[PDB]
Amino acid sequence: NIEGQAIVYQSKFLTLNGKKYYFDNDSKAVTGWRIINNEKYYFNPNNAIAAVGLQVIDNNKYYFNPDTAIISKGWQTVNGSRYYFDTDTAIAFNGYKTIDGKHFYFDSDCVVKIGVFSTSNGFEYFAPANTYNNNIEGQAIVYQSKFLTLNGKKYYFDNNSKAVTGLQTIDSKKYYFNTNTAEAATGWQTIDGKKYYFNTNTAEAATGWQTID
């Protein structure tokens, strides 16, 4: 053609300066969600450029593969964070999920969660990678009746693979846990109108002629 003439261009992927464009049977680039060869492509309404990474449409999160612009489903690790997506709709999950019978938990931000959280069953632990002999980072485990310490705070389990929150003294040492935080209290605590003091490094109630400062 002459330079700048809008020529006919149909049914092929156009790559221009690293971007991606798709044209219909006519000579116009397409916008919005598009299906070619069952791949679930997406294009911007004001640029017609395919997506690169995480792209929230209105409220649902998404992931698109860089250098190919095809959507990806399943466990996708982007920017040093773990994500999981749907198979039918490819939406990142929010909340505790029953996928594969392992009770994965997610936040409103779709990064994976590590620690103990208040679930529907109660307070169930979620473990990092390579703690259990075959575990996914963020998968609930069969941890039973052992003391666990993550970033200073401590709490104790039971035989039902759950986190307890009562007083429940063990070997004449009381380990009070919070009713919602489910962590052991440290320092001064005025519970039920009475005074109890637990230690800093450990979390038992000191008894006897115990002197503070």
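To match Swiss-Prot, the residue numbers of chain A are left as they are there, and the shown ones run 1914-2126.
Method reported for this entry: electron microscopy, 3.2 Å.
Positions of Cβ are set from backbone N, Cα and C atoms, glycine also.
Summarising the annotation, Swiss-Prot assigns repeat 'Cell wall-binding 5' to 1943-1962. Remote same-chain residues near the repeat 'Cell wall-binding 5' (1943-1962) are listed as 1932-1937, 1968, 1970, 1975, 1977, 1982-1984, 2003 (criterion: CB distance under 8 Å, separation of at least six residues from the stretch ends).
Taken from Swiss-Prot, the feature repeat 'Cell wall-binding 6' applies to 1964-1983. If one looks beyond the repeat 'Cell wall-binding 6' (1964-1983) by at least 6 residues along the same chain, the residues whose Cβ comes under 8 Å of a Cβ in the stretch are 1933, 1952-1955, 1957, 1989, 1991-1992, 1996, 1998, 2003-2005, 2023.
Look at Swiss-Prot and you will find 1985-2004 tagged as repeat 'Cell wall-binding 7'.
Sequence-remote contacts of a segment are chain residues at least 6 beyond its ends whose Cβ falls under 8 Å from one of its Cβ atoms, and for the repeat 'Cell wall-binding 8' (2006-2025) they are 1974, 1994-1999, 2032-2034, 2037, 2039, 2049-2053. Among the features that Swiss-Prot reports, repeat 'Cell wall-binding 8' is placed at 2006-2025.
Sequence annotations record features per position, and here Swiss-Prot assigns repeat 'Cell wall-binding 9' to 2057-2076.
The repeat 'Cell wall-binding 10' feature in Swiss-Prot is assigned to 2077-2096. According to DSSP, the secondary structure content of the repeat 'Cell wall-binding 10' (2077-2096) in residues is 0 helix, 3 strand, 17 coil.
Under the heading repeat 'Cell wall-binding 11', Swiss-Prot lists 2098-2117. Residue counts of the repeat 'Cell wall-binding 11' (2098-2117) by helix, strand and coil are 0 helix, 10 strand, 10 coil (DSSP-based).
Across the repeat 'Cell wall-binding 6' (1964-1983), DSSP helix (H, G, I), strand (E, B) and coil residues number 0 helix, 3 strand, 17 coil.
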